[PDB]
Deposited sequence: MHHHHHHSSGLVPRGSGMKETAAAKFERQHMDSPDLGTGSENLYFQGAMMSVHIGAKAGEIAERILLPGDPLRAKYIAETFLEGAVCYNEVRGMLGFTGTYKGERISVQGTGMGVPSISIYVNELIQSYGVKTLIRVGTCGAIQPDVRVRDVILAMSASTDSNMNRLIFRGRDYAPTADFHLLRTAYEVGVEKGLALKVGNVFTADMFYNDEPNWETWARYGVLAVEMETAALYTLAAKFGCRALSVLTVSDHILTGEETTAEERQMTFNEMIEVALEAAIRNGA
């Protein structure tokens, strides 16, 4: 409940020094963080329960890996990303999440690697004095994730996503965004890419298409299978 302590004091994360690995996966839902830690990591322990925003650390192929819930939207993920980087020395951050497709050639359960993110957040207009900053993924993470997707034979589109402030927007103008190549909507990536660049860290978002503005029915097994593939891409990207 302190507001003016500084990000290096990380008041939203109750972890001791060292409990968070240099490489971290960022689902939005803390219950997905627990699923990832229990399903894919060895020896996972919980290091944070503040606000119920669970985070865990364990190992994957002998490399230390953390998984931290972020909440929804640019202001929530910006709190957690600032604290992870400035307080815990995190250097590689892979967001794993969903998105809503707006392109006719993108299908539900396709996996998208966000090369960059458009946004209607004000955060960068206020930093850059009204000019246009392009939040952009780390190229080597992106290229690595792409190569792993190839090894696994996945349907993998690479392009721009749109980071919305307003999940419920009366005037999204999706026809305009789609005309200019935007693949899908989500709510966090522009902030992740901007703050990772600010502090010299490496960031990527690996996203599953969970809805389409035009289209498609799926089952629970189907969803869990695609989720597992996205997590495996992220983990390999993190440790290579």
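Residues 1 to 41, 257, 283 to 285 of the deposited sequence, counted from 1, carry no C-alpha coordinates in the model.
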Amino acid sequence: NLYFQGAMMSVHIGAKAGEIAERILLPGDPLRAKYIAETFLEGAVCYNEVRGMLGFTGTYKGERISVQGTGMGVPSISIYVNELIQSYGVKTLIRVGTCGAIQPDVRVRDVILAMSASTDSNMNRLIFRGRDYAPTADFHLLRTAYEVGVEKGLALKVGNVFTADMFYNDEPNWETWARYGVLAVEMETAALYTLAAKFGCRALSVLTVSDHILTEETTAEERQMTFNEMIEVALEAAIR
From here on, numbers count along this sequence of modelled residues.
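The question of which stretch, 49 to 57 or 194 to 202, has the higher mean Cα B factor is settled in favour of 49 to 57. For the two regions 59 to 67 and 205 to 213, the entry's Cα B-factors average higher over 59 to 67. Across the residues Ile127, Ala155, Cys99, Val90, the deposited record lists the maximum Cα B factor for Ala155. When all modelled residues of the chain are sorted by CA temperature factor, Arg95 is found within the middle third.
For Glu188, the recorded CA temperature factor ranks within the lowest third of the chain's modelled residues. When the modelled residues of the chain are ordered by C-alpha B-factor, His140 sits in the middle third. Among the modelled residues of its chain, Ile24 has a C-alpha B-factor that falls in the lowest third according to the deposited record.
Sort the chain's modelled residues by C-alpha temperature factor and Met72 lands in the lowest third, per the entry.
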